[PDB]
Asks: 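Quick one: the structure is below, questions incoming.
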Amino acid sequence: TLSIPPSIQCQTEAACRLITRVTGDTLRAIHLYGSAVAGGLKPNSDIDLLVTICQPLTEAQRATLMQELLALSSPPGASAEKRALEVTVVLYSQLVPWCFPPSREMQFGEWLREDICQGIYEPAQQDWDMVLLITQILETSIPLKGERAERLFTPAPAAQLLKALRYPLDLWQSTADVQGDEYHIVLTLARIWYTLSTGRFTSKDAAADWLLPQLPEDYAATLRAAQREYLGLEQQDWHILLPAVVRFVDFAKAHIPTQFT
Ligand SMILES: Nc1ncnc2c1ncn2[C@@H]1O[C@H](COP(=O)(O)OP(=O)(O)OP(=O)(O)O)[C@@H](O)[C@H]1O
Ligand SMILES: [Cl-]
Ligand SMILES: [Mg+2]
Ligand SMILES: [Mg+2]
């Protein structure tokens, strides 16, 4: 059975207790997933949590949850003992049976700290990534509360998983679309490519390793720089590298499979 890294156990139990208390009667399950469970937990890595609830959260619960999580989470890399939390909240009725795309009730994350610390909360909204989240959780997750994933959710049809995997390819078309987030986008494309070719999910680092031998050397060099930075082995000047990142994004759009291999 999958294990929680000892070094995040205390904070993970604190998040679970806070979520449980605030949601109360409406809570159906809490699952830990992502690199803490699947592998590749780096110093900057967040703690990924999915919260399944039965009824929508009141305007008051949402505010309580957001403000409290703010105090349970720290910006990534700030502390080795207090990681960034990502908490995604979803109605059970959006997943069983599936709505495509599913909506998420709310998402807490450090990239939203400046808004969340002012009381500005993203509202419920459609999110194709929820299909990827549940698919990943069905394979690799730990139920902190409620039932194990394979007993709670059902897999999405392959056709919808395909649409969800390819949807972010339209997010990146311009230079400004990718500027500021360069290595993240390069590694995500590597993972998307990996999943479409194998049907499987793997870490950012392993996805880069898998893709590198299949690339012309110019594109492997960009992927290598992105992997290197993510592993903390070298910080590049990504303004200088931006034109090559745009070429890499275009190369992935041209070459990533359009159907599962
Ligand atoms: N093919 C894919 N495989 C995995 N994640 C993918 C893929 N395509 C898109 N993603 C999305 O990218 C995000 C990855 O989340 P996250 O950054 O927490 O990754 P991680 O594996 O936990 O690594 P880290 O340790 O850097 O947090 C999720 O929203 C996930 O659904
Ligand atoms: Cl690890
Ligand atoms: Mg993560
Ligand atoms: Mg995350």
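Counting begins at 1 with the first residue of the sequence.
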Asks: Indicate yes or no for a side-chain donor-acceptor contact from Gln160 to the backbone of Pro157 under 3.5 Å, with no hydrogens or angles considered.
Replies: no

Asks: Assess whether atom CD of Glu114 is packed by more than 12 heavy atoms of other residues, nucleotides or ligands within 6.0 Å.
Replies: no

Asks: So which atom in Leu152 and which in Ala29 form the shortest heavy-atom distance, rounded to 0.1 Å?
Replies: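 That closest heavy-atom pairing would be CD2-CB, 3.6 Å.
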
Asks: Mark yes or no for whether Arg83, through its side chain, and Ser45, through its backbone, hold a donor-acceptor pair below 3.5 Å.
Replies: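 Yes, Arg83 side chain to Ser45 backbone: donor-acceptor pair under 3.5 Å.
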
Asks: side-chain contact (heavy atoms from CB on, under 4.5 Å) with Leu138: which of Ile134, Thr140, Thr135?
Replies: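 Of the listed options, the one satisfying the test is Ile134.
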
Asks: Would the distance check show the side chain of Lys253 and the main-chain N or O of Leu169 forming a donor-acceptor pair, the cut-off being under 3.5 Å?
Replies: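 Yes, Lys253 side chain to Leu169 backbone: donor-acceptor pair under 3.5 Å.
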
Asks: Ignoring hydrogens, what is the shortest heavy-atom contact between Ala14 and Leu72? Give both atom names and the distance.
Replies: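 Closest pair (atom of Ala14, atom of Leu72, distance): O-CD1, 3.5 Å.
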
Asks: Heavy atoms only: give me the nearest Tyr219-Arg247 pair and the separation to one decimal.
Replies: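 Of all heavy-atom pairs spanning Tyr219 and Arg247, the closest is CE2-O, 3.5 Å.
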
Asks: Scan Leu49, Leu50, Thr52, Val51 and name whichever one has a side-chain contact (heavy atoms from CB on, under 4.5 Å) with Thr88.
Replies: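 Of all the options given, the one that passes is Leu50.
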
Asks: Check whether any side-chain heavy atom of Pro76 lies under 4.5 Å from a side-chain heavy atom of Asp46, and answer yes or no.
Replies: no

Asks: Looking at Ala206, is its backbone amide N or carbonyl O close enough to the side chain of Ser203 to form a donor-acceptor pair, meaning the two atoms are under 3.5 Å apart?
Replies: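 At least one qualifying donor-acceptor pair exists.
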
Asks: Any link between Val90 and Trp128 through a network of hydrophobic side chains (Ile, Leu, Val, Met, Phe, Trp, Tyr) touching at under 4.5 Å?
Replies: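 Yes.
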
Asks: Please tell me if the side chains of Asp181 and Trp172 come closer than 4.5 Å, counting only heavy atoms from C-beta onward.
Replies: no

Asks: Can you get from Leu69 to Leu133 by hopping between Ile, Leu, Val, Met, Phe, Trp and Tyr side chains that sit under 4.5 Å apart?
Replies: no

Asks: Answer yes or no: is there a donor N or O on one side and an acceptor on the other, between the side chain of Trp98 and the main chain of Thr154, under 3.5 Å?
Replies: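 Such a contact is found between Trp98 side chain and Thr154 backbone.
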
Asks: Might you confirm whether atom CD of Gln235 has over 12 heavy atoms from other residues, nucleotides or ligands at distances under 6.0 Å?
Replies: no

Asks: Testing the basics here: between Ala84 and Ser73, what is the closest heavy-atom pair and its distance to 0.1 Å?
Replies: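 That closest heavy-atom pairing would be CA-OG, 3.5 Å.
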
Asks: Which pair of heavy atoms, one from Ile53 and one from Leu27, lies closest together, and at what distance?
Replies: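 Nearest heavy atoms, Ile53 then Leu27: CG2-CA, 4.2 Å.
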
Asks: Is the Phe153-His31 ring centre distance short of 6.0 angstrom?
Replies: yes

Asks: Using only atom types and a distance under 3.5 Å, with no angle test, would you say the side chain of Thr195 pairs donor to acceptor with the backbone of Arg200?
Replies: yes

Asks: Which pair of non-hydrogen atoms, one from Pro102 and one from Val131, has the smallest distance, and what is that distance?
Replies: CD-CG2, 3.6 Å

Asks: Could you walk me through whether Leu189 and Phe251 pass the side chain to side chain contact (heavy atoms under 4.5 Å, CB included) test, one step at a time?
Replies: CA-CA 10 Å; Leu189 287 165; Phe251 189 85; over 6 Å; no

Asks: Checking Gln55 against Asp25: is there a side-chain donor and acceptor pair closer than 3.5 Å?
Replies: no

Asks: With rounding to the nearest 0.5 Å, note down the distance linking CG in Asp205 to OG in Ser35.
Replies: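 Here the interatomic distance stands at 11.5 Å.
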
Asks: Within the structure provided, determine whether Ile4 and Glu13 are in side-chain contact (heavy-atom separation under 4.5 Å).
Replies: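 In short, these two side chains do not touch, never coming nearer than 4.5 Å.
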
Asks: Report, as yes or no, whether the 6.0 Å neighbourhood of atom NZ on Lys82 holds more than 12 heavy atoms from other residues, nucleotides or ligands.
Replies: yes

Asks: Does a sphere of radius 6.0 Å around CD in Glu59 hold more than 12 heavy atoms from other residues, nucleotides or ligands, not counting ones at 6.0 Å or beyond?
Replies: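 At most 12 heavy atoms, drawn from other residues, nucleotides or ligands, come within 6.0 Å of this atom.
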
Asks: For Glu147, does its backbone N or O pair with a side-chain atom of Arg28 as donor and acceptor, under 3.5 Å?
Replies: no

Asks: State plainly whether one hydrophobic cluster holds both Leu132 and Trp111, where clusters connect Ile, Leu, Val, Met, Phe, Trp and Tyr through side-chain heavy atoms under 4.5 angstrom apart.
Replies: no

Asks: Taking the side chain as every heavy atom from C-beta outward, state whether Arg191 and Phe201 have any pair of such atoms under 4.5 Å apart.
Replies: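 No, side chains not in contact.
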
Asks: Look up atom CD in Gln136 and atom OG in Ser141, then write down how far apart they are to the nearest 0.5 Å.
Replies: 10.5 Å

Asks: Is it the case that the side chain of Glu182 and the backbone of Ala226 share a donor-acceptor pair, with hydrogens and angles ignored and the cut-off at 3.5 Å?
Replies: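 Flag not set: sc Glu182 to bb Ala226 has no pair under 3.5 Å.
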
Asks: Quick one: do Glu110 and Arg113 make a salt bridge, cutoff under 4.0 Å?
Replies: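 Salt bridge present between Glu110 and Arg113.
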
Asks: Let's go through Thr188 and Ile192 carefully: what are the C-alpha distance in whole Å and the side-chain angles of both, what is the deciding distance for side chain to side chain contact (heavy atoms under 4.5 Å, CB included) to 0.1 Å, and is it a yes or a no?
Replies: CA-CA 6 Å; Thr188 305; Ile192 286 161; 3.9 Å; yes

Asks: Can you tell if the side chain of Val245 reaches within under 4.5 Å of the side chain of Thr222, non-hydrogen atoms only?
Replies: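 Side-chain contact under 4.5 Å: yes.
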
Asks: Would you say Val246 ends up clustered with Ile240 if hydrophobic residues are merged whenever their side chains have heavy atoms under 4.5 Å apart, either directly or through other cluster members?
Replies: no

Asks: Please step through side chain to side chain contact (heavy atoms under 4.5 Å, CB included) for the pair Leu70 and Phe108, ending with a clear verdict.
Replies: CA-CA 8 Å; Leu70 213 49; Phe108 172 88; 4.0 Å; yes

Asks: Is there a side-chain contact between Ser197 and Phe260 (heavy atoms, below 4.5 Å)?
Replies: no

Asks: Check whether any side-chain heavy atom of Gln11 lies under 4.5 Å from a side-chain heavy atom of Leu85, and answer yes or no.
Replies: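 The answer is yes, as the side chains (C-beta and beyond) meet within the 4.5 Å cut-off.
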
Asks: Does any N or O in the side chain of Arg62 come within less than 3.5 Å of the main-chain N or O of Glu105, such that one atom is a donor and the other an acceptor?
Replies: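 A pair under 3.5 Å: yes.
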
Asks: With rounding to the nearest 0.5 Å, note down the distance linking CD1 in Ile142 to CD1 in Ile30.
Replies: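 Reported value, rounded in 0.5 Å steps: 13.5 Å.
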
Asks: If hydrophobic clusters are built by linking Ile, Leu, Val, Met, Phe, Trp and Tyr wherever their side-chain heavy atoms come under 4.5 Å apart, do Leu2 and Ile137 end up in the same one?
Replies: no

Asks: So, the side chain of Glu229 versus the backbone of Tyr183: is there a donor-acceptor pair under 3.5 Å, distance only?
Replies: no

Asks: Strictly by modelled atom types, are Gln67 and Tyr121 linked by a side-chain donor-acceptor pair under 3.5 Å?
Replies: yes

Asks: Let me confirm one number: the CH2-NE2 distance from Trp238 to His184, rounded to the nearest 0.5 Å.
Replies: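 NE2 of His184 is found 10.0 Å from CH2 of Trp238.
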
